[PDB]
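Here is work_20.tsv, consisting of TSV, C-alpha atoms and all ligand atoms:
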```
chain	number	residue	atom	x	y	z
A	1	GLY	CA	-5.36	-13.87	-0.08
A	2	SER	CA	-7.94	-16.47	-1.26
A	3	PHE	CA	-11.33	-15.59	-2.87
A	4	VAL	CA	-13.11	-16.56	0.40
A	5	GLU	CA	-10.99	-13.85	2.17
A	6	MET	CA	-12.12	-11.31	-0.52
A	7	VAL	CA	-15.86	-12.01	0.20
A	8	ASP	CA	-17.71	-9.02	1.82
A	9	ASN	CA	-14.73	-6.72	1.17
A	10	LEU	CA	-17.11	-3.93	-0.03
A	11	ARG	CA	-19.23	-1.54	2.01
A	12	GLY	CA	-21.33	1.44	1.05
A	13	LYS	CA	-24.22	3.81	1.60
A	14	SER	CA	-27.23	3.78	-0.78
A	15	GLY	CA	-26.61	6.11	-3.77
A	16	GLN	CA	-23.01	6.86	-2.64
A	17	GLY	CA	-21.24	3.94	-4.22
A	18	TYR	CA	-19.32	0.93	-2.95
A	19	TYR	CA	-15.89	1.14	-1.47
A	20	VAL	CA	-12.95	-1.21	-0.75
A	21	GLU	CA	-10.17	-0.74	1.82
A	22	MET	CA	-6.79	-0.02	0.29
A	23	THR	CA	-3.43	1.14	1.54
A	24	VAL	CA	-1.11	3.73	-0.07
A	25	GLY	CA	2.50	4.47	0.88
A	26	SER	CA	5.09	3.15	3.33
A	27	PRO	CA	4.17	2.73	6.20
A	28	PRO	CA	0.72	1.93	4.71
A	29	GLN	CA	-1.98	4.64	5.06
A	30	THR	CA	-5.41	3.01	5.13
A	31	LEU	CA	-8.11	4.59	2.90
A	32	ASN	CA	-11.65	3.59	1.75
A	33	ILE	CA	-11.73	3.78	-2.08
A	34	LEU	CA	-14.82	3.85	-4.36
A	35	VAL	CA	-14.79	0.92	-6.86
A	36	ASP	CA	-15.46	2.59	-10.23
A	37	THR	CA	-15.80	0.69	-13.52
A	38	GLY	CA	-16.68	4.05	-15.22
A	39	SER	CA	-13.29	5.72	-14.94
A	40	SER	CA	-9.60	4.85	-15.10
A	41	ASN	CA	-7.62	6.92	-12.56
A	42	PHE	CA	-6.58	5.94	-9.03
A	43	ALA	CA	-7.35	9.41	-7.47
A	44	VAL	CA	-7.17	9.96	-3.70
A	45	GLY	CA	-7.93	12.90	-1.40
A	46	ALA	CA	-4.48	14.27	-0.43
A	47	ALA	CA	-5.42	17.45	1.47
A	48	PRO	CA	-7.98	18.30	4.19
A	49	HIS	CA	-11.59	18.68	3.05
A	50	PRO	CA	-14.84	19.10	5.18
A	51	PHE	CA	-16.15	15.72	3.88
A	52	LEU	CA	-12.88	13.77	4.34
A	53	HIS	CA	-12.34	11.76	7.58
A	54	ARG	CA	-8.73	11.13	6.39
A	55	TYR	CA	-6.46	11.78	3.38
A	56	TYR	CA	-3.22	10.61	1.75
A	57	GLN	CA	-0.24	12.32	3.36
A	58	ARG	CA	2.57	12.06	0.75
A	59	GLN	CA	5.20	13.61	3.08
A	60	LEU	CA	4.69	10.64	5.50
A	61	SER	CA	5.35	8.12	2.69
A	62	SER	CA	9.02	7.33	2.08
A	63	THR	CA	8.18	5.41	-1.13
A	64	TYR	CA	6.27	8.31	-2.84
A	65	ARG	CA	7.70	9.62	-6.14
A	66	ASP	CA	6.40	12.89	-7.63
A	67	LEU	CA	5.91	12.68	-11.43
A	68	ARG	CA	6.07	16.55	-11.77
A	69	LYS	CA	2.79	16.52	-13.76
A	70	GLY	CA	-0.57	18.04	-12.74
A	71	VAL	CA	-4.07	16.80	-13.61
A	72	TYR	CA	-7.23	18.94	-13.94
A	73	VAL	CA	-10.52	17.14	-14.41
A	74	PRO	CA	-13.67	19.28	-14.85
A	75	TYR	CA	-16.58	16.86	-15.35
A	76	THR	CA	-20.34	17.24	-15.95
A	77	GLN	CA	-21.29	17.32	-12.20
A	78	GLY	CA	-18.10	18.63	-10.49
A	79	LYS	CA	-14.29	18.91	-10.65
A	80	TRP	CA	-11.05	17.67	-9.12
A	81	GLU	CA	-7.44	18.78	-9.58
A	82	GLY	CA	-4.25	17.15	-8.38
A	83	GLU	CA	-0.65	16.04	-8.77
A	84	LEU	CA	0.56	12.81	-10.33
A	85	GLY	CA	2.98	10.48	-8.64
A	86	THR	CA	3.61	6.81	-7.86
A	87	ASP	CA	3.60	4.85	-4.63
A	88	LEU	CA	3.12	1.38	-3.13
A	89	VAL	CA	-0.48	0.18	-3.11
A	90	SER	CA	-2.21	-2.84	-1.53
A	91	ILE	CA	-5.79	-4.13	-1.06
A	92	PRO	CA	-5.88	-5.72	2.50
A	93	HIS	CA	-8.94	-7.86	1.68
A	94	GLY	CA	-7.89	-8.47	-1.90
A	95	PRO	CA	-4.96	-10.29	-3.53
A	96	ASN	CA	-1.91	-10.98	-1.35
A	97	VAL	CA	0.27	-8.46	-3.29
A	98	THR	CA	1.79	-4.95	-3.19
A	99	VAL	CA	2.35	-3.06	-6.43
A	100	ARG	CA	3.72	0.34	-7.47
A	101	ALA	CA	0.92	2.32	-9.11
A	102	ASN	CA	0.08	5.79	-10.41
A	103	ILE	CA	-1.74	7.93	-7.87
A	104	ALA	CA	-3.40	11.28	-8.55
A	105	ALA	CA	-3.18	13.15	-5.25
A	106	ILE	CA	-6.33	15.35	-5.20
A	107	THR	CA	-5.37	18.82	-3.85
A	108	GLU	CA	-8.65	20.63	-4.68
A	109	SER	CA	-12.17	19.49	-5.60
A	110	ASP	CA	-15.77	20.69	-5.98
A	111	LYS	CA	-18.83	18.40	-5.59
A	112	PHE	CA	-16.50	15.34	-5.81
A	113	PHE	CA	-16.44	14.12	-2.19
A	114	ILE	CA	-19.80	13.32	-0.54
A	115	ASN	CA	-20.86	14.28	3.01
A	116	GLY	CA	-20.79	10.95	4.96
A	117	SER	CA	-19.96	8.50	2.12
A	118	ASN	CA	-17.02	6.99	4.16
A	119	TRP	CA	-14.72	6.97	1.06
A	120	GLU	CA	-11.63	9.12	0.35
A	121	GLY	CA	-10.67	8.30	-3.22
A	122	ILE	CA	-11.65	6.44	-6.39
A	123	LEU	CA	-10.28	3.25	-7.98
A	124	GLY	CA	-11.00	3.65	-11.72
A	125	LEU	CA	-11.13	0.09	-13.14
A	126	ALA	CA	-11.74	0.96	-16.80
A	127	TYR	CA	-9.14	1.21	-19.54
A	128	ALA	CA	-6.27	3.59	-20.27
A	129	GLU	CA	-8.16	5.23	-23.21
A	130	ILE	CA	-10.22	7.31	-20.67
A	131	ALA	CA	-7.40	7.94	-18.13
A	132	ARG	CA	-6.67	11.61	-17.33
A	133	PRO	CA	-4.67	13.62	-18.49
A	134	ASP	CA	-4.29	10.99	-21.28
A	135	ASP	CA	-3.86	7.22	-22.08
A	136	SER	CA	-0.15	7.17	-21.17
A	137	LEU	CA	-1.17	7.16	-17.44
A	138	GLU	CA	-1.35	3.44	-16.75
A	139	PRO	CA	-4.48	2.51	-14.72
A	140	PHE	CA	-4.17	0.54	-11.43
A	141	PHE	CA	-5.52	-2.80	-12.72
A	142	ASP	CA	-3.09	-2.72	-15.68
A	143	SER	CA	-0.19	-2.16	-13.22
A	144	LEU	CA	-1.53	-4.93	-10.95
A	145	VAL	CA	-1.58	-7.49	-13.84
A	146	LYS	CA	1.83	-6.40	-15.16
A	147	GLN	CA	3.63	-6.64	-11.78
A	148	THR	CA	1.98	-9.83	-10.36
A	149	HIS	CA	0.63	-13.21	-11.53
A	150	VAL	CA	-2.98	-11.95	-10.93
A	151	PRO	CA	-5.19	-13.15	-13.89
A	152	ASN	CA	-6.63	-10.32	-16.03
A	153	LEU	CA	-10.21	-10.40	-14.64
A	154	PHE	CA	-12.18	-9.15	-11.66
A	155	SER	CA	-15.78	-9.61	-10.55
A	156	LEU	CA	-18.21	-7.47	-8.61
A	157	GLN	CA	-21.06	-8.63	-6.44
A	158	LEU	CA	-22.84	-5.45	-5.31
A	159	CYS	CA	-25.59	-5.93	-2.71
A	160	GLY	CA	-28.52	-3.74	-1.62
A	161	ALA	CA	-29.80	-3.44	1.99
A	174	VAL	CA	-24.82	-1.85	1.91
A	175	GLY	CA	-22.10	-4.40	1.09
A	176	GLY	CA	-20.69	-6.81	-1.43
A	177	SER	CA	-17.55	-8.41	-2.85
A	178	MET	CA	-14.80	-7.52	-5.32
A	179	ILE	CA	-12.98	-10.68	-6.39
A	180	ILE	CA	-9.72	-9.88	-8.12
A	181	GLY	CA	-8.22	-12.44	-10.47
A	182	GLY	CA	-11.16	-14.79	-10.63
A	183	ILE	CA	-14.71	-16.06	-10.35
A	184	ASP	CA	-16.08	-17.18	-6.98
A	185	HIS	CA	-18.80	-19.79	-7.66
A	186	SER	CA	-20.28	-19.34	-4.16
A	187	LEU	CA	-21.41	-15.77	-5.08
A	188	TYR	CA	-23.74	-16.85	-7.94
A	189	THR	CA	-26.30	-19.47	-8.97
A	190	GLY	CA	-27.31	-20.70	-12.43
A	191	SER	CA	-25.52	-19.83	-15.66
A	192	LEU	CA	-23.07	-17.00	-16.32
A	193	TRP	CA	-24.02	-15.25	-19.58
A	194	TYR	CA	-21.44	-13.20	-21.51
A	195	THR	CA	-21.74	-9.95	-23.47
A	196	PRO	CA	-18.75	-8.73	-25.53
A	197	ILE	CA	-16.85	-5.62	-24.46
A	198	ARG	CA	-17.41	-3.63	-27.69
A	199	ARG	CA	-14.41	-1.27	-27.24
A	200	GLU	CA	-11.77	-1.08	-24.47
A	201	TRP	CA	-12.28	2.42	-22.99
A	202	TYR	CA	-15.29	2.40	-20.69
A	203	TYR	CA	-16.73	-1.14	-20.30
A	204	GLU	CA	-18.83	-0.62	-23.44
A	205	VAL	CA	-21.59	-3.14	-24.20
A	206	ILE	CA	-24.56	-3.39	-26.63
A	207	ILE	CA	-28.24	-3.57	-25.62
A	208	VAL	CA	-30.28	-5.28	-28.41
A	209	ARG	CA	-33.83	-5.15	-26.94
A	210	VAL	CA	-35.68	-3.57	-24.01
A	211	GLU	CA	-39.00	-4.80	-22.63
A	212	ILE	CA	-41.14	-3.40	-19.86
A	213	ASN	CA	-43.33	-6.09	-18.31
A	214	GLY	CA	-42.60	-8.31	-21.30
A	215	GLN	CA	-43.71	-5.49	-23.71
A	216	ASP	CA	-41.03	-4.56	-26.27
A	217	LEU	CA	-40.23	-0.82	-26.52
A	218	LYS	CA	-40.20	-1.37	-30.38
A	219	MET	CA	-37.31	0.98	-31.18
A	220	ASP	CA	-34.49	0.55	-33.60
A	221	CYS	CA	-31.91	-1.08	-31.31
A	222	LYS	CA	-29.31	1.62	-32.12
A	223	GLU	CA	-31.51	3.97	-29.97
A	224	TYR	CA	-30.64	1.90	-26.84
A	225	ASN	CA	-26.89	2.50	-27.41
A	226	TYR	CA	-27.05	6.19	-28.54
A	227	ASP	CA	-24.02	7.06	-28.34
A	228	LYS	CA	-22.58	4.21	-26.19
A	229	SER	CA	-23.84	1.85	-23.49
A	230	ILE	CA	-21.61	1.19	-20.48
A	231	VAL	CA	-21.47	-0.86	-17.24
A	232	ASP	CA	-20.56	1.64	-14.49
A	233	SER	CA	-20.37	0.85	-10.76
A	234	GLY	CA	-19.56	4.56	-10.22
A	235	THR	CA	-23.03	5.74	-11.38
A	236	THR	CA	-26.03	5.01	-9.13
A	237	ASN	CA	-28.87	4.96	-11.66
A	238	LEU	CA	-29.88	3.21	-14.81
A	239	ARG	CA	-29.37	6.20	-17.18
A	240	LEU	CA	-31.09	6.05	-20.58
A	241	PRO	CA	-30.88	8.22	-23.76
A	242	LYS	CA	-33.77	10.73	-24.04
A	243	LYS	CA	-35.95	8.74	-26.48
A	244	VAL	CA	-35.50	5.51	-24.48
A	245	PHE	CA	-36.02	7.23	-21.11
A	246	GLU	CA	-39.32	8.79	-22.30
A	247	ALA	CA	-40.67	5.45	-23.60
A	248	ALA	CA	-39.58	3.66	-20.39
A	249	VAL	CA	-41.31	6.27	-18.18
A	250	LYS	CA	-44.52	6.08	-20.31
A	251	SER	CA	-44.56	2.27	-19.89
A	252	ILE	CA	-43.76	2.27	-16.11
A	253	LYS	CA	-46.47	4.95	-15.63
A	254	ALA	CA	-49.04	2.83	-17.58
A	255	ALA	CA	-48.18	-0.27	-15.44
A	256	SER	CA	-48.36	1.65	-12.10
A	257	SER	CA	-51.50	3.78	-12.98
A	258	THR	CA	-53.46	2.59	-9.85
A	259	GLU	CA	-51.24	5.18	-8.08
A	260	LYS	CA	-50.29	8.64	-9.32
A	261	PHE	CA	-46.95	10.24	-8.44
A	262	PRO	CA	-45.75	13.88	-8.97
A	263	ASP	CA	-43.61	14.76	-12.03
A	264	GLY	CA	-40.83	15.35	-9.46
A	265	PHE	CA	-40.76	11.62	-8.62
A	266	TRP	CA	-40.33	10.68	-12.30
A	267	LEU	CA	-37.52	13.28	-12.63
A	268	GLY	CA	-35.55	11.37	-9.94
A	269	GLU	CA	-35.67	14.50	-7.69
A	270	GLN	CA	-38.44	13.65	-5.17
A	271	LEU	CA	-39.22	10.84	-2.75
A	272	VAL	CA	-42.19	8.53	-2.88
A	273	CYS	CA	-43.10	7.14	0.56
A	274	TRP	CA	-45.35	4.38	1.84
A	275	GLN	CA	-46.06	3.27	5.44
A	276	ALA	CA	-43.17	0.92	6.48
A	277	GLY	CA	-43.60	-2.56	4.98
A	278	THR	CA	-46.44	-1.64	2.54
A	279	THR	CA	-44.50	-0.65	-0.65
A	280	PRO	CA	-46.80	-1.80	-3.51
A	281	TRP	CA	-44.07	-3.67	-5.46
A	282	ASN	CA	-46.66	-5.44	-7.65
A	283	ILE	CA	-47.87	-2.24	-9.41
A	284	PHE	CA	-44.33	-1.60	-10.76
A	285	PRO	CA	-43.22	-3.57	-13.81
A	286	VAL	CA	-40.04	-5.53	-14.46
A	287	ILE	CA	-37.50	-4.14	-16.97
A	288	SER	CA	-35.72	-6.60	-19.25
A	289	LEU	CA	-32.43	-5.48	-20.80
A	290	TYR	CA	-31.31	-7.84	-23.60
A	291	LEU	CA	-27.58	-7.85	-24.06
A	292	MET	CA	-25.67	-8.85	-27.19
A	293	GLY	CA	-24.42	-12.44	-26.87
A	294	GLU	CA	-21.08	-13.94	-27.96
A	295	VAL	CA	-22.55	-15.31	-31.17
A	296	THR	CA	-24.31	-13.53	-34.05
A	297	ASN	CA	-27.88	-12.45	-33.26
A	298	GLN	CA	-28.02	-14.39	-30.00
A	299	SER	CA	-28.71	-12.45	-26.80
A	300	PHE	CA	-29.61	-12.95	-23.13
A	301	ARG	CA	-31.69	-10.82	-20.79
A	302	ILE	CA	-31.17	-9.48	-17.29
A	303	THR	CA	-34.44	-8.62	-15.49
A	304	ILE	CA	-34.61	-5.63	-13.17
A	305	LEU	CA	-37.28	-5.55	-10.47
A	306	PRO	CA	-38.68	-2.35	-8.79
A	307	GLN	CA	-36.70	-3.45	-5.65
A	308	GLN	CA	-33.70	-2.37	-7.78
A	309	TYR	CA	-34.96	0.72	-9.69
A	310	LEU	CA	-36.77	2.28	-6.71
A	311	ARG	CA	-33.75	3.14	-4.62
A	312	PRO	CA	-34.43	3.28	-0.84
A	313	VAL	CA	-33.35	6.53	0.85
A	314	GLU	CA	-32.35	5.89	4.48
A	315	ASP	CA	-33.25	8.79	6.78
A	316	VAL	CA	-34.01	8.44	10.48
A	317	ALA	CA	-36.51	11.42	10.11
A	318	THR	CA	-38.62	9.55	7.48
A	319	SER	CA	-38.22	6.15	9.15
A	320	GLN	CA	-41.92	5.72	10.12
A	321	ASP	CA	-42.16	5.07	6.30
A	322	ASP	CA	-40.24	3.35	3.49
A	323	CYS	CA	-39.08	6.15	1.08
A	324	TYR	CA	-37.49	5.77	-2.39
A	325	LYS	CA	-36.04	7.77	-5.28
A	326	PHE	CA	-36.83	6.67	-8.89
A	327	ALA	CA	-33.33	5.42	-9.93
A	328	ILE	CA	-33.80	5.69	-13.73
A	329	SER	CA	-32.73	8.97	-15.31
A	330	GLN	CA	-32.26	10.72	-18.64
A	331	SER	CA	-28.81	10.81	-20.23
A	332	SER	CA	-27.27	12.84	-23.14
A	333	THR	CA	-24.10	10.63	-23.04
A	334	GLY	CA	-25.63	7.18	-23.65
A	335	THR	CA	-26.95	4.30	-21.56
A	336	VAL	CA	-25.36	3.68	-18.16
A	337	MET	CA	-26.03	0.37	-16.38
A	338	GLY	CA	-25.20	1.75	-12.93
A	339	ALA	CA	-25.07	0.35	-9.40
A	340	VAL	CA	-28.88	-0.24	-9.17
A	341	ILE	CA	-28.60	-2.49	-12.29
A	342	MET	CA	-25.50	-4.38	-11.10
A	343	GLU	CA	-27.01	-5.00	-7.61
A	344	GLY	CA	-28.28	-8.54	-7.16
A	345	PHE	CA	-26.11	-9.77	-10.09
A	346	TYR	CA	-22.60	-11.26	-10.11
A	347	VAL	CA	-20.78	-9.25	-12.81
A	348	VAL	CA	-17.57	-10.64	-14.22
A	349	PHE	CA	-15.23	-8.16	-15.96
A	350	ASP	CA	-13.36	-10.64	-18.09
A	351	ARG	CA	-10.74	-8.31	-19.57
A	352	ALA	CA	-8.65	-11.36	-20.69
A	353	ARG	CA	-11.53	-12.50	-22.99
A	354	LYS	CA	-12.96	-8.98	-23.74
A	355	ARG	CA	-16.35	-9.88	-22.23
A	356	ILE	CA	-18.61	-9.12	-19.31
A	357	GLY	CA	-20.49	-11.98	-17.60
A	358	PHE	CA	-23.80	-11.72	-15.70
A	359	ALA	CA	-25.29	-14.27	-13.26
A	360	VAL	CA	-27.88	-14.18	-10.50
A	361	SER	CA	-26.02	-13.51	-7.23
A	362	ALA	CA	-26.68	-14.78	-3.65
A	363	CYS	CA	-27.92	-11.27	-2.81
A	364	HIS	CA	-30.38	-11.09	-5.76
A	365	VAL	CA	-33.58	-9.13	-5.39
A	366	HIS	CA	-36.91	-11.04	-5.17
A	367	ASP	CA	-40.35	-11.22	-3.57
A	368	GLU	CA	-43.08	-13.96	-3.43
A	369	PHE	CA	-44.03	-13.43	-7.11
A	370	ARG	CA	-40.96	-12.27	-8.99
A	371	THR	CA	-37.18	-12.59	-9.03
A	372	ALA	CA	-34.24	-10.85	-10.74
A	373	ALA	CA	-33.04	-13.23	-13.46
A	374	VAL	CA	-30.38	-13.88	-16.12
A	375	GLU	CA	-31.96	-15.81	-19.00
A	376	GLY	CA	-30.96	-17.03	-22.41
A	377	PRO	CA	-30.42	-17.63	-25.19
A	378	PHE	CA	-32.75	-15.52	-27.38
A	379	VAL	CA	-32.49	-15.47	-31.16
A	380	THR	CA	-33.27	-12.47	-33.46
A	381	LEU	CA	-33.03	-13.19	-37.25
A	382	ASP	CA	-34.26	-9.64	-38.11
A	383	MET	CA	-31.13	-8.01	-36.66
A	384	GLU	CA	-29.15	-4.99	-37.87
A	385	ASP	CA	-25.95	-4.06	-35.93
A	386	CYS	CA	-27.17	-2.37	-32.68
A	387	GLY	CA	-23.98	-0.34	-32.23
A	388	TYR	CA	-23.59	3.40	-32.98
B	1	LIG	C1	-11.08	10.83	-13.49
B	1	LIG	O1	-12.17	11.69	-13.12
B	1	LIG	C2	-13.36	11.18	-12.72
B	1	LIG	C3	-13.44	9.92	-12.08
B	1	LIG	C4	-14.69	9.46	-11.67
B	1	LIG	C5	-15.86	10.21	-11.84
B	1	LIG	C6	-17.19	9.63	-11.40
B	1	LIG	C7	-17.50	9.97	-9.94
B	1	LIG	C8	-16.86	11.01	-9.26
B	1	LIG	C9	-17.18	11.31	-7.93
B	1	LIG	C10	-18.18	10.60	-7.28
B	1	LIG	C11	-18.83	9.55	-7.95
B	1	LIG	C12	-19.97	8.83	-7.31
B	1	LIG	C13	-20.96	9.55	-6.59
B	1	LIG	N1	-22.01	8.91	-6.09
B	1	LIG	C14	-22.15	7.59	-6.23
B	1	LIG	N2	-21.26	6.89	-6.92
B	1	LIG	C15	-20.16	7.45	-7.45
B	1	LIG	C16	-18.52	9.29	-9.29
B	1	LIG	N3	-17.18	8.17	-11.63
B	1	LIG	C17	-18.09	7.85	-12.49
B	1	LIG	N4	-18.38	6.57	-12.93
B	1	LIG	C18	-18.84	9.03	-12.93
B	1	LIG	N5	-19.86	9.34	-13.76
B	1	LIG	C19	-20.17	10.60	-13.80
B	1	LIG	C20	-21.27	11.18	-14.66
B	1	LIG	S1	-19.17	11.49	-12.74
B	1	LIG	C21	-18.32	10.10	-12.28
B	1	LIG	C22	-15.76	11.46	-12.48
B	1	LIG	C23	-14.52	11.96	-12.86
```
Would you mind giving the structure from this file in structure tokens?
Amino acid sequence: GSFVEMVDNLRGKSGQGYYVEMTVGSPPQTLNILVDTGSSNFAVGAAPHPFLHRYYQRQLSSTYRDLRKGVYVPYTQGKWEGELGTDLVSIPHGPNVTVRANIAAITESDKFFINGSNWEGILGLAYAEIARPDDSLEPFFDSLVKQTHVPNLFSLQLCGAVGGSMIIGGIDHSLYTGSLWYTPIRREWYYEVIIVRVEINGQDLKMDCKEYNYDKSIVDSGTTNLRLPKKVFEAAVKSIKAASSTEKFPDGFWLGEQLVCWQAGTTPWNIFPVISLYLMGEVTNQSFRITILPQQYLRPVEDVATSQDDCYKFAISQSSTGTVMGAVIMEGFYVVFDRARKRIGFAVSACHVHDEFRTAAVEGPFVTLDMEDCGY
């Protein structure tokens, strides 16, 4: 189970996440599982559902153990309920290991599963602090490290059109170019980070840096968009509108609700600005920036019916729960979740976004002598 054998182990559909193949139980039941750095439960469909092609059948697994504990998770956009237990788990295109792990067998859900996503469960890769029902439910990755010699790190290379790679236990140098820049993990719950500066087409938003991290900033492969706190979102939209003024779009487009379409191959990329997110470096008042092109923040919506054109959703949205550097931000970068060193690394990946004029980039270092602490 070498890193080369882990390459291209992810698949996905635009706006529906990225999934990896896993097996649960004995004999192994194959399931596609969403790779989620924004949550901490291993939760799998375990009962028929109109959007499930397959589900975990506990009665067919002779290694299943019921923990006699239920779990009820109402969340902002939906809900899932289930039963806790443990069973044997493997990642066929991951490390060459089998571990016993906690599994929440989802028995009922609302707005959780997606029509045609091709995934049947979620692999929450964040820390025990946000596990449900509480922190005593050991997350999968923690179990994996405890039971094997797998180093305490994984990396994600998410690619747009989807596919990509999840490298467990290491860094695959063939999936990135240039330097890998590290930002500290501020607290071990979500993958919390600090944004110290935001520019739109090189123009600083000029806010107190605490505004960018109101109330936390996270790296979440389980959220599609770049989600920004109200104040930040409003200033970002004003700036992107000023840059793209040669064309006027409905308020619906800016709300992330409606499509913007152009005749196939004519998307005016040049009228949309680049977004620079400056992340806190490993040393005092040093930072580095990741640059986000419109090829990332204008998410393409595949639909045979609209296929005479190239249609997109605006993949930046308002948040009341802090900044979320979602899938559209991670795409085109090689993101290293260095749990062992409490840091997240960013580098330009092989599948980075670019055109004839501009490219996604990871640049540093930048120094800021006039710096307060940017954390909330
Ligand atoms: C332990 O309980 C939970 C586990 C995961 C989720 C969740 C999620 C849930 C279902 C589908 C997705 C998803 C949908 N579309 C695209 N990507 C991921 C995300 N994963 C996230 N990162 C996330 N963020 C939300 C605001 S909901 C949600 C919510 C609850």
Exercise for the section: Show me as a list in words the residues that reach within 7 Å of (-30.0, -15.4, -29.2), counting all atoms listed in the file and using the file's own coordinates. Expected result: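 Protein, DNA and RNA residues close to (-30.0, -15.4, -29.2): residues 293, 297, 298, 299, 300, 377, 378, 379 and 380 of chain A.
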Using only C-alpha atoms and all ligand atoms, determine which residues fall within 6 Å of ligand LIG 1 (chain B), then list them as a PDB file with C-alpha atoms, in the coordinates of the input.
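The resulting result-v8.pdb:
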```pdb
ATOM      1  CA  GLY A  15     -26.610   6.110  -3.770  1.00  0.00           C
ATOM      2  CA  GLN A  16     -23.010   6.860  -2.640  1.00  0.00           C
ATOM      3  CA  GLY A  17     -21.240   3.940  -4.220  1.00  0.00           C
ATOM      4  CA  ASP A  36     -15.460   2.590 -10.230  1.00  0.00           C
ATOM      5  CA  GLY A  38     -16.680   4.050 -15.220  1.00  0.00           C
ATOM      6  CA  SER A  39     -13.290   5.720 -14.940  1.00  0.00           C
ATOM      7  CA  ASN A  41      -7.620   6.920 -12.560  1.00  0.00           C
ATOM      8  CA  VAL A  73     -10.520  17.140 -14.410  1.00  0.00           C
ATOM      9  CA  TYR A  75     -16.580  16.860 -15.350  1.00  0.00           C
ATOM     10  CA  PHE A 112     -16.500  15.340  -5.810  1.00  0.00           C
ATOM     11  CA  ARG A 132      -6.670  11.610 -17.330  1.00  0.00           C
ATOM     12  CA  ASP A 232     -20.560   1.640 -14.490  1.00  0.00           C
ATOM     13  CA  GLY A 234     -19.560   4.560 -10.220  1.00  0.00           C
ATOM     14  CA  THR A 235     -23.030   5.740 -11.380  1.00  0.00           C
ATOM     15  CA  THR A 236     -26.030   5.010  -9.130  1.00  0.00           C
TER      16      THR A 236
END
```
Practice task
One decimal, Å: what's the distance from atom CA of residue 179 of chain A over to atom CA of residue 194 of chain A, could you say?
Solution key: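 Distance between the two atoms: 17.5 Å.
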Practice task
Would you kindly identify which residues have an atom no farther than 12 Å from (-24.4, -9.9, -26.8), using all atoms listed in the file and the file's own coordinates, and write them out as a ChimeraX atom specification?
Solution key: /A:193-198,204-209,289-302,354-358,376-380,385-387
Handout entry: Atomic distance atom CA of residue 46 of chain A - atom CA of residue 175 of chain A, expressed in Å with one decimal
Key =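 Between atom CA of residue 46 of chain A and atom CA of residue 175 of chain A the gap works out to 25.7 Å.
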Practice task
Could you tell me which of A:219, A:145, A:244, A:156 comes closest to residue 352 of chain A if we count all atoms listed in the file?
Solution key: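 Of A:219, A:145, A:244, A:156, the one nearest residue 352 of chain A is A:145, counting all atoms listed in the file.
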Exercise for the section: Please measure the separation of atom CA of residue 217 of chain A and atom CA of residue 264 of chain A, giving the value in Å to one decimal. Expected result: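 For atom CA of residue 217 of chain A relative to atom CA of residue 264 of chain A, the distance reads 23.5 Å.
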Exercise for the section: Tell me, as an NGL selection string, which residues lie within 9 Å of residue 366 of chain A, counting all atoms listed in the file; anything in the same chain fewer than 6 positions away does not count. Expected result: :A and (305 or 307 or 372)
Practice task
Find the residues near residue 115 of chain A: any atom within 9 Å, counting all atoms listed in the file, skip ones fewer than 6 places away on the same chain, and give them as number ranges by chain.
Solution key: A: 50-52
Problem - Long-range neighbours of segment 90-100 of chain A as a ChimeraX atom specification, 7 Å cut-off, all atoms listed in the file, 6 positions minimum in chain - result: /A:1,5-6,9,21-24,144,147,180
Taking all atoms of segment 32-44 of chain A that the file lists, what box with edges along x, y and z, padded by 6 Å per side, do you get, with centre and edge lengths in Å to one decimal, as lines of an AutoDock Vina configuration file?
```
center_x = -11.6
center_y = 5.3
center_z = -6.7
size_x = 22.1
size_y = 21.3
size_z = 29.0
```
Could you rebuild segment 352-357 of chain A with N, CA, C and O atoms and give me the result as a short mmCIF file (atom, residue, chain, number, x, y, z; two decimals), in the coordinates of the input?
```cif
data_model
loop_
_atom_site.label_atom_id
_atom_site.label_comp_id
_atom_site.auth_asym_id
_atom_site.auth_seq_id
_atom_site.Cartn_x
_atom_site.Cartn_y
_atom_site.Cartn_z
N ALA A 352 -9.48 -10.39 -19.96
CA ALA A 352 -8.65 -11.36 -20.69
C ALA A 352 -9.36 -11.84 -21.96
O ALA A 352 -8.73 -11.95 -23.01
N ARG A 353 -10.69 -12.03 -21.87
CA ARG A 353 -11.53 -12.50 -22.99
C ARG A 353 -12.45 -11.42 -23.59
O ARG A 353 -13.33 -11.74 -24.39
N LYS A 354 -12.23 -10.16 -23.23
CA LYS A 354 -12.96 -8.98 -23.74
C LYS A 354 -14.48 -9.18 -23.64
O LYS A 354 -15.20 -9.08 -24.64
N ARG A 355 -14.93 -9.59 -22.46
CA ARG A 355 -16.35 -9.88 -22.23
C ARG A 355 -16.79 -9.59 -20.81
O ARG A 355 -15.95 -9.58 -19.89
N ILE A 356 -18.07 -9.35 -20.63
CA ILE A 356 -18.61 -9.12 -19.31
C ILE A 356 -19.66 -10.22 -19.07
O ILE A 356 -20.55 -10.39 -19.91
N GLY A 357 -19.53 -10.94 -17.96
CA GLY A 357 -20.49 -11.98 -17.60
C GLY A 357 -21.50 -11.52 -16.57
O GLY A 357 -21.17 -10.74 -15.67
#
```
